[PDB]
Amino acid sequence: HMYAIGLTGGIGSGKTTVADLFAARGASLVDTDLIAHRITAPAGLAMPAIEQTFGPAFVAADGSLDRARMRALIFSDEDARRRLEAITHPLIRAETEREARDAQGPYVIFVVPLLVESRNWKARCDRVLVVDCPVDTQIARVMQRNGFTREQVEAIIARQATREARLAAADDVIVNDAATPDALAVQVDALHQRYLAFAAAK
């Protein structure tokens, strides 16, 4: 068993920021969001199924997913959300095992936005690391980064687990609410070490 850490956290909480720090220290990163984008890019592994299931309406002229039109439809119709996720999730799952098999570091970190929401991911990981922060900080950061409105972010936040549920399912926690990310490194240093020890013991 390659030692596996699930890194999760709500939208805008800091998963990417924390993940990078662990990568700089030699952890092997498998970002399920990068995979989700590539499998729906031009020539992506998920596109045949998506065209078939949704129609050429949702395939843009470059072959990729029309992320806009879809962005709307799965918000509008949560029968459609489940229909898309039923295509993408198994593929993401699969690409994850495949990247994990090839990973060269002493342990792996799977960056998984909807980790605790899913039964399968908790079982797949040796530990869960939650990057936590207040909901209003999530909102401000995601408005700033992606240009959305409150309502748009609030809508994603509502489709995700509460802070309390996330914190309850954690083995490890990094509260990322400082004005600045410079102090995160101290926390990541210590977790890295503990992770090396965990892995070595298994």
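Just count from 1 along the sequence shown to find any residue number.
Set 114-122 against 68-76 and average the Cα temperature factors; 68-76 ends up higher. Stretches 160-168 and 143-151 differ in mean C-alpha B factor, with the higher average recorded for 143-151.
Placement of the Cα temperature factor of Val135 within the chain: lowest third of the modelled residues, per the deposited record. Remark: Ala103 belongs to the highest third of its chain, ranked by C-alpha B-factor as recorded. Ranked within its chain, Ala43 lands in the highest third, by CA B factor from the PDB record.
Among the modelled residues of the chain, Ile174 sits in the lowest third by CA temperature factor in this PDB entry. Among all modelled residues in its chain, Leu29 ranks in the highest third by Cα B-factor.
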